[PDB]
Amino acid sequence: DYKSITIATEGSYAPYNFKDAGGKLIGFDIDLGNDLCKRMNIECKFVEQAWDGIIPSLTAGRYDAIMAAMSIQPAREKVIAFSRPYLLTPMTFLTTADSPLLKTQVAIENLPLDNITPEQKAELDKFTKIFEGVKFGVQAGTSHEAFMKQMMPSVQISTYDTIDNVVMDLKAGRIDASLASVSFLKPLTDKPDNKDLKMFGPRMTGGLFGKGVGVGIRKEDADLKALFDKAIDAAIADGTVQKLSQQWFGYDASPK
């Protein structure tokens, strides 16, 4: 059935999906998308779509798939189907190198949120108390915003159209902190450009964040999902996902 497909991406989330000097779409999602389509024997075409409206445009049939650093989270699973994860990454916090937030002790280094034990709640409640009075910035319509609204409601948040504006305002001093995956924050903080920025706090997984990043497909497209899952399994097994992860992220975030 599928001879050619249209894949949507945002183009504002480096190193997953962004634009080069000549304005062409580049990144991990573009390289993986093209490699998966070569395996599937499907012609590949990448389109730019803003984050707000990326899910409704998929359901409306404007394109066939989404490859835009999209977590397989339970709220999204109610609307669209996902492929098996092509990348696994926890979530962490971001601040400036001079922030007093960096002197706060982390009791639980890795925080799994599917089940929240009293000890895990105590750690989340500690950070909530510390984050009150502190200005937070998040990209709108992400699991970052969902986390802040559900798990830390007492904390003041500002929502941004893109993650680039969040980073811009954090450097300008208009916000004091943020949150994203380690897959986004490690290559951002590894840059000598961003020596003034630091990752801090616990590394969270599960709950509302779900498990991994997957390809977004329509629920009625069961055959396209099966094709993507077979292609992803083969790309993981031969070391392609590991090779592309080292290239774009500077570390191995591929599933095992």
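So that there is no doubt, residue numbering starts at 1 and follows the sequence shown.
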Quiz item: For the stretches 60 to 68 and 33 to 41, which has the higher mean C-alpha B-factor as given in the deposited record?
Solution: 33 to 41
Quiz item: Out of 182 to 190 and 168 to 176, which one has CA B-factors that are higher on average in the deposited record?
Solution: 168 to 176
Quiz prompt | B-factor third for the C-alpha atom of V138 within its chain | solution = lowest
Exercise. Taking the values exactly as deposited, rank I130 by C-alpha B-factor within its chain and report the matching third: lowest, middle or highest.
Key: middle
Exercise. Would you mind ranking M91 by its C-alpha B-factor against the rest of the chain and naming the third, lowest, middle or highest?
Key: lowest
Quiz item: Within this chain, which third does the Cα B-factor at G210 fall in: lowest, middle or highest?
Solution: highest
Quiz item: Thinking about Cα B factors across the chain, which third does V241 belong to?
Solution: lowest
